[PDB]
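> Below is the sequence, then the experimental coordinates.
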There are 2 protein chains.
Amino acid sequence: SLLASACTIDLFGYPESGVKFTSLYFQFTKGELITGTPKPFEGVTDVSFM
Amino acid sequence: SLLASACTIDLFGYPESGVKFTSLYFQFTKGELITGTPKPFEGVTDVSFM
Ligand SMILES: *[C@@H]1O[C@H](CO)[C@@H](O[C@@H]2O[C@H](CO)[C@@H](O[C@@H]3O[C@H](CO)[C@@H](O)[C@H](O)[C@@H]3O)[C@H](O)[C@H]2NC(C)=O)[C@H](O)[C@H]1NC(C)=O
Ligand SMILES: *[C@@H]1O[C@H](CO)[C@@H](O[C@@H]2O[C@H](CO)[C@@H](O[C@@H]3O[C@H](CO)[C@@H](O)[C@H](O)[C@@H]3O)[C@H](O)[C@H]2NC(C)=O)[C@H](O)[C@H]1NC(C)=O
């Protein structure tokens, strides 16, 4: 659904005459608390590494 | 319908309280192959002229 102050990602299909499947609205703000990691961590007491 | 990566031309009417009749979505890329000429050519073996 539409969120205030959000950007949109439009998902399309070409079935073989394309259609729009859905519109994903992303509402977000910047900072450190939430991180989009590629996967869950396992056996991890401290997520950070280097 | 909506096309991915397309521009829109909105067609409106004022009937005498206006309405939008339709939205035309244009999906295109640049180059030489397809040309929007004003009309068909007749008796033409070579479309180009100068
Ligand atoms: C930032 O500094 C902290 C503190 O030194 C680093 O955390 C330390 O990370 C090491 C390596 O994972 C931990 O050692 C581990 O201890 C556990 C038992 O608790 C053991 O099972 C593992 O084999 C390993 O020896 C250490 O506990 C941990 N120290 C603390 C107090 O957090 C951290 O790694 C640094 N940041 C980054 C980028 O990793
Ligand atoms: C780019 O150069 C080509 C090649 O010279 C030009 O094409 C030539 O155009 C002339 C004029 O239309 C053609 O002459 C015509 O011949 C037909 C019979 O085939 C005849 O019925 C007409 O009365 C006229 O005499 C000629 O055939 C044609 N040559 C070839 C091989 O394409 C062309 O005009 C040039 N590009 C542009 C911008 O026109």
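Thanks, I have the structure now. Residues are numbered from 1 along each chain as shown, chains lettered A, B, ... in the order given. Ligands and ions are numbered 1, 2, ... in the order given.
> ok, how many other residues are close to the spatially closest residue to residue A:25 that is not a sequence neighbour?
Leaving aside its sequence neighbours, residue A:25 sits nearest to residue A:6 (Cβ to Cβ, 6 or more residues apart in numbering or on different chains; 4.3 Å). C-beta: built from backbone N, CA, C; applies to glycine. Using other Cβ atoms under 10 Å in any protein chain shown, the number of residues around residue A:6 comes to 12.
> Could you do residue A:25 as well?
13.
> Contacts only, for it.
Taking Cβ atoms under 8 Å, 6 or more residues apart in numbering or on different chains, we find residue A:25 in contact with A:1-3, A:6-8.
> I'd like those laid out as CSV, including distance to residue B:13 and secondary structure.
Formatted as CSV, the contacts of residue A:25 follow (distance: Cβ to Cβ, whole Å; DSSP: H, G, I helix; E, B strand; the rest coil):
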residue, distance to residue B:13, secondary structure
A:1, 30, coil
A:2, 27, coil
A:3, 32, coil
A:6, 32, coil
A:7, 32, strand
A:8, 28, strand
